[PDB]
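Novice: these are from a larger complex, still in place; more later:
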Amino acid sequence: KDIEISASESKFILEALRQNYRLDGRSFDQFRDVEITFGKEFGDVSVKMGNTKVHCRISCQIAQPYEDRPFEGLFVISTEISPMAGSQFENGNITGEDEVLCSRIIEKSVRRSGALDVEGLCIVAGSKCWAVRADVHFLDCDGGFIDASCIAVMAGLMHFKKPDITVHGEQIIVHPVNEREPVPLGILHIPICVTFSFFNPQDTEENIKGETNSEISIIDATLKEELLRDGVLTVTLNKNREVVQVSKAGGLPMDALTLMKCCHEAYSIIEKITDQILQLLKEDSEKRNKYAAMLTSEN
């Protein structure tokens, strides 16, 4: 399972960056357009950026908490790749490296960051809590998965609602779904990750001892773009201007002064897209409630 590209094609794109061109039609520092559409279920969404397609799912159920944090509920994200999304991939390799490179990000992007209040999953302390689940599916790759799965999970959390609960010791009263309403969830902050994609037009030494910074960085590598890149970097931020994570794990060497200059441009990008989610969550729920207005008057 190996992608084969000519070195002639390798120089071609490398030339295009040397004349400030890229094959998609975007700018270097331009991001794709995002299509968000929900299914009928809560925590159901289809997210699409041109060629890359994803789908995720949020659910929850009853379990006991750990001994470790006996206060808090349970939550984890599955991101199992299927070779459906591209023939590179093993059947569910949880031990591949790029998978881990997809994993630990979303592990840190959600779980260690804590966008979601796990303490608001405590139904009863130590007895019964929530087990909230996030199964990420990939559909078709043009890269940006780890940015797409960044979004589509956080999209899904802002669309899921959990049903109604009443406690009497052991008499724990999960109510019928349609009499007593499902209840949405508590998001502390909304993180958005950004892939950065790096291209030395030169050898090693002109990056190493060539003092002249000459390295091109772009956003959202397409599939062919992604196969030649030299370093890998993802930052994540919010609306309140705090930096969630940064991960440059090796690759090409890279100036620090670039990275701050990189990460500022992230901010203006992610903010506009964030609010686009925020209206569509409202507007769909508005469309839910206008169709709820088109239901009770109908019934």
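Specialist: Everything's here; your move. Residues are numbered from 1 along each chain as shown, chains lettered A, B, ... in the order given.
Novice: quick one: contacts for residue A:85?
Specialist: Contacts for residue A:85 (CB atoms under 8 Å, 6 or more residues apart in numbering) come out as A:138-141. From N, CA and C alone the C-beta is placed, and that goes for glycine too.
Novice: How about residue A:284?
Specialist: Residue A:284 neighbours (CB under 8 Å, 6+ apart): residue A:38.
Novice: Residue A:263 versus that one, what's the distance?
Specialist: Taking CB to CB, to the nearest Å as the measure, residue A:284 falls 31 Å from residue A:263.
Novice: and if you look at residue A:27?
Specialist: From residue A:27 across to residue A:263, the span is 17 Å (CB to CB).
Novice: can you pull the contacts of the residue positioned nearest the centre of chain A?
Specialist: Central residue of chain A (CA atoms, centre = their mean): residue A:150, 0.9 Å from the mean position. Going by CB under 8 Å, 6+ apart, residue A:150 touches A:105-106, A:109, A:191-193, A:236.
Novice: Report whether it is found in a strand, as I expect.
Specialist: No: counting by DSSP: H, G, I helix; E, B strand; the rest coil, residue A:150 is not part of a strand but helix.
Novice: ok, the contacts of residue A:150 vs residue A:273, which is closest?
Specialist: Distance to residue A:273 across the contacts of residue A:150 (CB to CB) is lowest for residue A:192, with 7.1 Å.
Novice: hang on, that closest one packs against residue A:151?
Specialist: Yes: judged on CB atoms under 8 Å, residue A:192 makes contact with residue A:151 at a distance of 6.8 Å.
Novice: So residue A:27 and residue A:263 - more neighbours on which side?
Specialist: The neighbour count for residue A:27 versus residue A:263, taken as other CB atoms under 10 Å, is higher for residue A:263 (17 against 11).
Novice: Tell me the bridge partners for the nearest residue to the more buried one once chain neighbours are set aside.
Specialist: Nearest residue to residue A:263, sequence neighbours excluded (CB to CB, 6 or more residues apart in numbering): residue A:235, at 5.1 Å. With DSSP bridges as the criterion, residue A:235 is bridged to residue A:194, residue A:246.
Novice: so what's residue A:235 up against?
Specialist: Neighbours of residue A:235 in contact, by CB under 8 Å, 6+ apart: A:193-194, A:196, A:243-247, A:262-263, A:266.
Novice: Narrow these to those that are buried.
Specialist: When these are checked for burial by 16 or more other CB atoms under 10 Å, the buried set is A:193-194, A:196, A:244-245, A:247, A:262-263, A:266.
Novice: Here is chain B, add it in:
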Amino acid sequence: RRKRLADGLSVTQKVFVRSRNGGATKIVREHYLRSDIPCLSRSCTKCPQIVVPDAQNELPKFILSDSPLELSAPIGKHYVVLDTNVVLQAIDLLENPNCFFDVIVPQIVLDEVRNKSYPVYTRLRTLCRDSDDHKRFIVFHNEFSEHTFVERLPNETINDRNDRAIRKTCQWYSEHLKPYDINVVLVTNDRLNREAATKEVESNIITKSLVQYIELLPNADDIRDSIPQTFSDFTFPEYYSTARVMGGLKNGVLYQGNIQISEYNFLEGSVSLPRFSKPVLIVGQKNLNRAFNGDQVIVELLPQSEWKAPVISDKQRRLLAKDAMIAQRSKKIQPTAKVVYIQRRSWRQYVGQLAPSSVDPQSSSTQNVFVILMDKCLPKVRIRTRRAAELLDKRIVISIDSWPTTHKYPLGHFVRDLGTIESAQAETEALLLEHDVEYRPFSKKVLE
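Specialist: Time to bring in chain B:
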């Protein structure tokens, strides 16, 4: 042992065992000494040669004056270095505006406070930064100081090296303060620590106690009632040991919460426990066991022989504790409890009034007085004091010192001299603080 760095800089290992949750968790740390440790004073000209900026690029302020209160030779000019115990006994004496303007805090003394009490530790943290032109408190990090650091000697407890290092801490001081003849006064309360300097063991050092320091002030009459401190019909019991209550907590033996002691019945109170529905009364003066109303305590249920109708093993008590919840569902005979330990005192500074029976008119000397408190629920406090003929028609501030075994009413000391009874200004004042209202003006660190 120890090792050296090429900057002349020392490195060694301080290592202990964390005793948390009864575990035996060995904890090792490296330790550094530095040689840029400032003496932080006005008169010295060489510790200002070594001061270097912080990450906010500041060289700090060397505030202890050339001019202390100078006293009778062989005191002369002097600085004061303290005990934790004299702080633990006399924390409010430190807060006198009238005196004690120049005190070095040793780092170990700082730590024992941080070991002992958290909000008391706030106050020294408060006072040192809010030192002013008048009163100046520094913290000398003596065990960060190379020239004052000591080790654990062979066959030693941790208490020995505490007193020795404080003694070592003072030893460097006058040596650095020989050139200006400002002395350093070590204040203690410990009689064995007041034994080793009787022979003047190594240092020709100023080892005075509190009163042995207090008896040398020009104005010591105003402050000696802020010095902290048969009387028997029966004997009160005691509070359980550390391993007993920590051994009690996990098994479900012991319980904590809050207690309310009644005013209409001074000798009866109940708690609201997490395991228990109804307010579980504690009946009996010995069973209240010399705690005050509102405190955090640790209680034990009483046997059904002491239960009330309106063993050795804890194998019995838990099964009896189940019978309590049965008797809680009775509401016909309901259980009684007693305290066995005090989780926390809710003590603070307190304001009351004295008894005219407790005072002699003809006397001018020291005498016992009891304070009638403004809190109706809390009992009187025996106060051994001189100026009671003054303060009888006056409002007062005390602070509770201790409860030893014998005393039916506790030992405390008068703190702040307020003003005349039903004068409008003084009755304005205690109406603030006993209602917990901050009133003091904005300090020097505020106006910056």
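Novice: What about the contacts of residue A:150 again, now that chain B is present?
Specialist: A:105-106, A:109, A:191-193, A:236 (CB atoms under 8 Å, 6 or more residues apart in numbering or on different chains).
Novice: nearest to residue B:414, of those residues?
Specialist: Closest to residue B:414, out of all of these and judged by CB to CB, is residue A:191, at 58.9 Å.
Novice: from memory residue B:17 sits against residue B:25, does it?
Specialist: Yes: contact criterion CB under 8 Å: residue B:17 and residue B:25 qualify, at 6.2 Å.
Novice: and residue A:217, that's in a strand?
Specialist: Yes: the assignment for residue A:217 is a strand, going by three-state DSSP.
Novice: got a list of what it touches?
Specialist: A:28-29, A:196-199, A:258, A:262.
Novice: switch the cut-off to 7 Å
Specialist: Applying CB atoms under 7 Å, 6 or more residues apart in numbering or on different chains to residue A:217 gives the contacts A:196-198, A:258, A:262.
Novice: again, but for residue B:361
Specialist: The contact partners of residue B:361, by CB under 7 Å, 6+ apart, come to residue B:389.
Novice: any idea how far it lies from residue B:367?
Specialist: Taking CB to CB, one finds residue B:361 at 11 Å from residue B:367.
Novice: just to revisit the earlier point, which one of the contacts of residue A:150 has the most neighbours?
Specialist: residue A:191 (27 neighbours; other CB atoms under 10 Å in any protein chain shown).
Novice: how close does that residue sit to residue A:234?
Specialist: Taking CB to CB, one finds residue A:191 at 11 Å from residue A:234.
Novice: And for residue A:103?
Specialist: 13 Å.
Novice: In chain B, which residue is most central in space?
Specialist: Taking CA atoms, centre = their mean, the centroid of chain B lies closest to residue B:88, which sits 3.1 Å from it.
Novice: State the phi and psi torsions of that residue.
Specialist: Dihedral pair for residue B:88: phi -60, psi -30, per degrees, to the nearest 10.
Novice: Same question for residue B:280.
Specialist: The phi/psi pair for residue B:280 (degrees, to the nearest 10) is phi -90, psi 110.
Novice: Go through chain B and flag its longest helix.
Specialist: Secondary structure assigned by DSSP state H gives helix B:158-177 as the longest helix of chain B.
Novice: on contacts alone, who are the packing partners of it?
Specialist: In terms of contacts (3 or more CB pairs under 7 Å, 6 or more residues apart in numbering or on different chains; DSSP states H and E), helix B:158-177 is packed against strand B:77-81, helix B:107-116, strand B:182-188.
Novice: extra chain here, label it chain C:
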Amino acid sequence: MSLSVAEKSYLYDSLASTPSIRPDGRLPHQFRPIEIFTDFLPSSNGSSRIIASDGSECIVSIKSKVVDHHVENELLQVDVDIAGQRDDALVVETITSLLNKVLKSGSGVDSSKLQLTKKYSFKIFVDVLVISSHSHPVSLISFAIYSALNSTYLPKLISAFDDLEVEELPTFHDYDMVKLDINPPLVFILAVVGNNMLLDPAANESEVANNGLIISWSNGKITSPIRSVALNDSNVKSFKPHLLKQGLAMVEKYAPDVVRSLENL
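Specialist: This next block brings in chain C, placed alongside the chains you saw above:
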């Protein structure tokens, strides 16, 4: 290793000499020179570091833990790691399961010395990291552990020890440690060639052998666990029992001299 056949005769020739000859020509009962370091992981209850002549290399760590000695049977646990190998491999697990048997709690282990209270005691962890080996590594590994137990200090009990009635939670001083008094065992690798029995088989000597032994030494004597043990599997031959009876005192009349060399402080 992979060696050549023409050697393998000569090696099986020279060692099966009746005036028996080692490839390094030691006396038949000798061992090889080693180095023994301890007390260097100051986060641990004890540490150990041992150096072979062929550069085989291990370190065994000692961490302790306080436990109820009634709810748990095994008061002493061994856990082993070999570099370069999977958990699943054979030589890992057998050596691992071996030293547990070697340090059963009352076989050569004096668990009364481990006893804290009438209710509590000390769970210990024999934690082993082998950097490299070229040998059947086992008898090396006991040696550092012997020094590791001789380099282990434990914090001092303060309170009393009878928690049946009063059920006190036990208390330790924060500086005062006491050495674990213990009589740890020792393990020796043997090998049988023809009519000769070498001591400390080096890897070449370990390769050519017909069969070999492992003999548990403890308390100044022979004891269990004792296993006949294959080294290779291309040259596995059977054996007269008096040769098995020979090696025991052949170990034993040279054992404590090795012990006293290490019983040396």
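Novice: since we added chain C, can you redo the contacts of residue A:235?
Specialist: A:194, A:243, A:245-246, A:263, A:266.
Novice: Can you get me a residue count around residue B:122?
Specialist: With neighbours defined by other CB under 10 Å, the count for residue B:122 comes to 11.
Novice: leaving aside the residues next to it on the chain, what's closest to residue A:59?
Specialist: residue A:133 (4.8 Å; CB to CB, 6 or more residues apart in numbering or on different chains).
Novice: for that neighbour, what are its contacts?
Specialist: By CB under 7 Å, 6+ apart, the contact set of residue A:133 is A:59-60, A:76.
Novice: If you rank these by neighbours, which is first?
Specialist: Neighbour counts for the contacts of residue A:133, by other CB under 10 Å, peak at residue A:60, which reaches 20 neighbours.
Novice: need the contact list for the residue of the stretch 151-265 of chain C found nearest chain B.
Specialist: Closest to chain B within the stretch 151-265 of chain C is residue C:169: 4.0 Å, counting by CB to the nearest CB. Applying CB under 7 Å, 6+ apart, we find residue C:169 in contact with B:22, B:243, B:246-247.
Novice: Restricting to those residues, which residues neighbour chain C?
Specialist: With CB under 7 Å from any CB of the partner chain as the criterion, the contacts of residue C:169 include B:22, B:243, B:246-247 near chain C.
Novice: Kindly indicate the member of those residues with the most neighbours.
Specialist: Top of the ones next to chain C among the contacts of residue C:169 by neighbour count (other CB under 10 Å): residue B:247, with 23 neighbours.
Novice: Name the helix or strand for that one, please.
Specialist: In this structure, residue B:247 sits in helix B:242-249 according to DSSP states H and E.
Novice: just residue C:182 next, same as before
Specialist: Using DSSP H and E, residue C:182 falls outside every helix and strand.
Novice: And for it, the neighbour number?
Specialist: 16.
Novice: what secondary structure does the closest residue to residue A:210 other than its chain neighbours sit in?
Specialist: Closest residue to residue A:210 apart from its sequence neighbours, by CB to CB, 6+ apart: residue A:202 at 6.7 Å. What three-state DSSP gives for residue A:202 is coil.
Novice: measure residue A:202 to residue A:252 for me?
Specialist: To residue A:252, residue A:202 is 11 Å away according to CB to CB.
Novice: Check residue B:302 too.
Specialist: Residue B:302 is 75 Å from residue A:252, where distance means CB to CB.
Novice: Residue A:289 now?
Specialist: For residue A:289 relative to residue A:252 (CB to CB), the value is 50 Å.
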